[PDB]
Amino acid sequence: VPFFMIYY
Amino acid sequence: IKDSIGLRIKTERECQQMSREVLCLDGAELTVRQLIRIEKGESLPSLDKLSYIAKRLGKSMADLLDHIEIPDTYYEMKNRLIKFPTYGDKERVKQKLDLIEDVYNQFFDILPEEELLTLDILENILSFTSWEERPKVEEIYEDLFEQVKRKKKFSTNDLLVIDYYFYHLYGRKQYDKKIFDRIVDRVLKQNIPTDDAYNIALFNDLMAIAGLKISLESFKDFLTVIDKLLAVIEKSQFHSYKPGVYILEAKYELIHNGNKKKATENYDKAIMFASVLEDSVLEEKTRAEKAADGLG
């Protein structure tokens, strides 16, 4: 999973 | 609660300096034995008793019973959980997982079941690693997952489990395309509210949707996804999230249109934004993706 998918 | 209200009745009576004998000369409606037993907390005061003691007190049943409540400090910690993007950083997620335990070790009893549900789902998203090493979305929430697939309007919690469903789908072929395309349809049709948490949750989904779309090289309704993203940001004023959209437009223009002139400028606007936000971990990561895609 790419870093810009985790907005939490 | 029995002894709490029984104390509240007595204490209030003490402040009024009224005696038990004064309240009922007849003692027909209220036996003195009853009230004394109620104040002891050993007996639950029947609703008819509550109506009488309040009617005499000159104070409504509502105001004093309304005053259990949820402390404001929890919402401060909750704000620290959702309004602080970690971008999958090593230390920024450990700090939050430590915080979640702290929230559990400080508010576990008071929160509504929906709130504990909210805390539990995103905790799995934070501790998430890859699709091979972690259980499926069904296996952990069979009942909830089957309900959100058939439901029209999602809540904050429903957006979270759907988000977790996206994490388990990344870099993973052999997938049900139809379930995916049904969900992304329902998500886009969701009306943007005034609640921050819902928009943040929705934003995580939309970013995840576009993320899987790019990896699988599918670009159906890609324009619609971004339009939703920008619409969310405009209504929620989450300008801190806007760099992420620039990253999406970058990889799109790079892969779909095969453009590198406009793909570079989209990365550039994201790096600049990451700089003015003074976010170190954001900047170094988004500019690493620039070099990873064969750019300056």
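Residue numbers count from 1 along every chain, following the sequence as written rather than necessarily the entry numbering; any residue without coordinates is not displayed. Following the order in which they are written, the chains are lettered starting with A and the ligands numbered starting with 1. Note that the side-chain values use all heavy atoms of the structure and ignore hydrogens as well as water.

In the PDB archive, X-ray crystallography is given as the structure determination method for this entry, at a resolution of 3.3890 Å.

### Digging into the overall build of chain B
Keep this limit in mind: Secondary structure is summarised from DSSP: a helix means a run of H or I of at least four residues, a strand means a run of E of at least two, and numbering begins at the N terminus for each. In this description the radius of gyration comes from C-alpha coordinates, and the expected globular size is given by 2.2 Å times residues to the power 0.38. The rule is simple: take the accessible area with a 1.4 Å probe, protein chains only, and divide by the maximum for that residue type; under 20% is buried, over 50% is exposed, in between is partly exposed. All accessible areas in this document rest on Shrake-Rupley with a 1.4 Å probe, and a residue is counted as covered only by the protein chains that are shown. For the purpose of counting charges, residues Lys and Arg are taken to be positive, whereas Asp and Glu are taken to be negative. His and the chain ends are not included. Just so you know, the charge point we use is NZ for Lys, CZ for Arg, CG for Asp and CD for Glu.
Assigned secondary structure in chain B consists of 17 helices and 0 strands. For 296 residues, the compact-globule estimate of 2.2 N^0.38 gives 19 Å, and the C-alpha radius of gyration of chain B, at 27 Å, exceeds that figure by more than 25%. Taken over the C-alpha atoms alone, chain B extends approximately 90 × 40 × 35 Å along its principal axes. Residues classed as buried in chain B amount to 43% of the 296 residues present. Within the structure as shown, chain B displays about 16800 Å² of accessible surface, and the carbon and sulfur contribution to it stands at 50%. The centroid of the 46 positive side-chain charges in chain B is displaced by 4 Å from the centroid of its 54 negative side-chain charges.

### Some points on the pattern of salt bridges
All names here are of chain B. Under the convention used in this document: Here, a salt bridge means any side-chain nitrogen of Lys or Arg that lies within 4 Å of a carboxyl oxygen of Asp or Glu.
Counted by the stated rule, this structure contains 15 salt bridges over all chains. With a shortest N-O distance of 2.8 Å, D293 and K251 are connected by a salt bridge. Highlighted residues: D293 in the segment after α17 (280–292) and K251 in helix α15 (residues 242–255), separated in sequence by 42 residues. Note that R287 and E283 form a salt bridge whose closest N and O atoms lie 3.0 Å from each other. Of this pair, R287 and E283 both sit in helix α17, 4 residues apart, roughly one helical turn. What makes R287 partly exposed here is its relative accessible area of 43%. Accessibility expressed as a relative area gives 21% for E283, which makes it partly exposed. Ionic contacts of the salt-bridge type, sharing partners, join the residues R13, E14, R20 and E39 into one network.

### What about the UniProt feature "domain: HTH cro/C1-type" (unreviewed entry) in chain B?
What counts here: UniProt positions are given in the numbering used here, feature names are shortened, and annotations may be inferred rather than shown by experiment.
The feature "domain: HTH cro/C1-type" (unreviewed entry), as given by UniProt, occupies residues 30–64 of chain B in the numbering adopted here. For the annotated span residues 30–64 of chain B, helix accounts for 69% and strand for 0% of the residues, and the straight-line distance between the end C-alpha atoms is 21 Å.

### Considering unusual backbone geometry
Residue and element names in this part refer to chain B. Notably, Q17 is not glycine yet its phi reads approximately 55°, a positive angle. Positionally, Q17 belongs in the loop between α1 (2–15) and α2 (20–23). Of the residues examined, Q17 reaches a relative accessible area of 75% and is grouped as exposed. Even without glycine at this site, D221 takes up a positive phi of about 55°. For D221, the position within the fold is in the loop between α13 (196–215) and α14 (222–236). For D221, a relative accessible area of 51% translates into the label exposed.

### Focus on the side chain of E12 of chain B
Applied cut-off: When checking whether two residues touch, look at their non-hydrogen atoms; a contact exists if any pair is within 4.5 Å.
Tracing the chain through its elements places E12 of chain B in helix α1. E12 of chain B has contacts with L57, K59 and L64 of chain B, leaving out every residue within four places of it along the chain.

### Brief notes about the nonpolar core
Quick note on the threshold: Only buried residues count toward a nonpolar core. Its members are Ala, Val, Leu, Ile, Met, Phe, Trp, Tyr and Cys residues joined through side-chain atoms within 4.5 Å.
Within the largest apolar cluster, 74 residues are counted, with the highest numbers of intra-cluster contacts made by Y165, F166, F203, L206 and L229 of chain B. Per-element accounting of this core gives the leading share, 13 residues, to α13 of chain B. Excluding residues that lie within four positions of it along the chain, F203 of chain B makes contacts with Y7 of chain A together with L229, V232, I233, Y241 and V245 of chain B. The next biggest cluster of nonpolar side chains, apart from the first, holds 10 residues, and it includes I9, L30, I38 and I53 of chain B.

### Concerning a nonpolar patch on the surface
Residue and element names in this part refer to chain B. In plain terms, the rule: Each patch is built from residues lacking any salt bridge and having more than 30% relative accessible area; the joining distance is 9 Å for like charges and 5 Å for nonpolar side chains (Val, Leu, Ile, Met, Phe, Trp, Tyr).
A contiguous nonpolar patch, built from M272, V276 and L277 and spanning about 290 Å² of accessible area, is present on the exposed surface. Summarising the element assignment, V276 is placed in helix α16 (residues 261–276). Classification of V276 by relative accessible area gives exposed; the value is 56%.

### Some thoughts on the packing of aromatic side chains
Residue and element names in this part refer to chain B. Formally: Between rings of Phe, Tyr and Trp, where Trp is taken as its six-membered ring, a pair exists when centres lie within 6.5 Å; planes separated by under 30 degrees are stacked, by over 60 edge-to-face, and by other angles tilted.
A complete count under the given rule lists 17 aromatic pairs over all chains for this structure. Between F128 and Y164, the ring centres sit 5.9 Å apart and the planes meet at 85°, which makes this aromatic pair edge-to-face. Taken as a pair, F128 in the loop between α8 (113–126) and α9 (137–140) and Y164 in helix α11 (residues 156–167) lie far apart in primary sequence, 36 residues in all. On the basis of relative accessibility, which here comes to 10%, the residue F128 falls in the buried class. Residues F128 and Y167 carry aromatic rings whose centres are separated by 5.6 Å and whose planes lie at 85° to one another, so their mutual orientation is edge-to-face. Here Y167 lies in helix α11 and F128 lies in the loop between α8 and α9, a separation of 39 residues in the sequence. Judged by relative accessible area, which is 2%, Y167 ranks as buried.

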